[PDB]
């Protein structure tokens, strides 16, 4: 016995640990992080989400099964009109000018992380893409679950909304869909295939750490 999604989670434990206790993330949980830094983040994360949707697009093209191919398409819609909760909230809450947005550059860390998901999806099958997009969602879910106790973490007039977002029932459903998808796609892969998937999954986990890092370096 061993489900692949649990096995991957197991090997990512340490890294998500560092993420939860990163100055930037702890900064979100106890209101200590300064707006300047968070502003820089949500602009970068916006650029990041545009490239992330493309990996989901890749899922549409590589799914051979209308159910899954359709699930991915909804994912793309969510990424574009659910930030129409989180990211948009903060672009007008801070004041990100419509122009300033599409004037921004992704940082090397940003681009590296999205290129890597994209490239691994393109070189492999639909298992790789299900694997490559998993860290991102899952990690944010644990992170927000964790920050959920301070308390007043949720009460916070500004950072409260972000935490509320990534710990909601929808976000969790979404992560669950991705967990289940990956398990169903893989109950038949060899020891060697699972290794490769595991390698993708930690690698994207590393990029998450690097991302928070460059976000704080702001």
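Numbering follows the first chain given and starts at 1.
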Averaging only over Cα atoms, indicate whether 55-63 or 145-153 has the higher B-factor in the PDB entry.
145-153
Determine, for stretches 90-98 and 118-126, which one has the higher mean CA B-factor as deposited.
90-98
Taking the Cα B-factors listed in the entry, which of 168, 186, 26, 180 comes out highest?
168
For residue 48, the third of its chain into which the C-alpha B factor falls
lowest
Temperature factor at the Cα of residue 79, chain-ranked in thirds, falls in the highest
Please say which third, lowest, middle or highest, residue 85 falls into when its CA temperature factor is compared across its chain.
highest
Assigned third (lowest, middle, highest) for the C-alpha B factor of residue 73
middle
